[PDB]
């Protein structure tokens, strides 16, 4: 196709490996580039964990309001929100917001613990029909993004369908899905990623991810004005373990998709 030519050229210019999945819910058509290759998720896995806790809150009605202790030993690699509350508490709502909107790794670990470990996040994925997602480690070792390692990976195809089911479909209850959509729309980390390649008049909710091997990810639900929303997944990873972040590739991939 024309979009796949331009994505392949973008990838070639970049020196890395690019994966894209678009779902146009208007006609349920799909655009895929390396749509079935595994990519390390990095922080994009935070969406699955927060959604799993939201699914729990469908039965435990006050769950999101339950306080969770933040202790000094809880801290790991990147904790911008949780480090403010050490020797205090945060609710599962404030932890879900921290994980999603600031990519707080300590908050992700509290969500994983609430679910019974990483297997509890993978379980929720299988429960909503995602056979591909796998969460194997906690923060921050899940970001090693080692070439060929299947741990903590998914494919663009699988994550686009899951993100659609979570935020536009009914994998969650309506209250829960509205809260996930709100959280995603308030992300603070995505300005240079998918959002940067899309028309300013479109509303976006997204979760970025970053890791070793210059892994630079973004998964987004996109609300253009007038037409049905879209779901866009852009994953990117690089040959060098110390490679720099390349959020510009995700922006350019979104731009190419939006023009097609």
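Numbering follows the first chain given and starts at 1.
Legend: mean Cα B-factor per stretch from the PDB entry, 128 to 136 versus 176 to 184; the higher mean is in 176 to 184.
Mean CA B-factor, 219 to 227 versus 46 to 54: the higher value falls on 219 to 227. Per the PDB entry, 59 shows the highest C-alpha temperature factor of the residues 234, 193, 210, 59. Taking the deposited Cα B-factors for 145, 73, 121, 158, the highest one is held by 73. In this PDB entry, residue 14 carries a Cα temperature factor that places it within the lowest third of its chain's modelled residues. Among the modelled residues of its chain, residue 107 has a C-alpha B-factor that falls in the middle third according to the deposited record. For residue 25, the recorded CA temperature factor ranks within the highest third of the chain's modelled residues. Ranked within its chain, residue 84 lands in the highest third, by CA B factor from the PDB record. Compared with the other modelled residues of the chain, the Cα B-factor recorded for residue 154 ranks in the lowest third.
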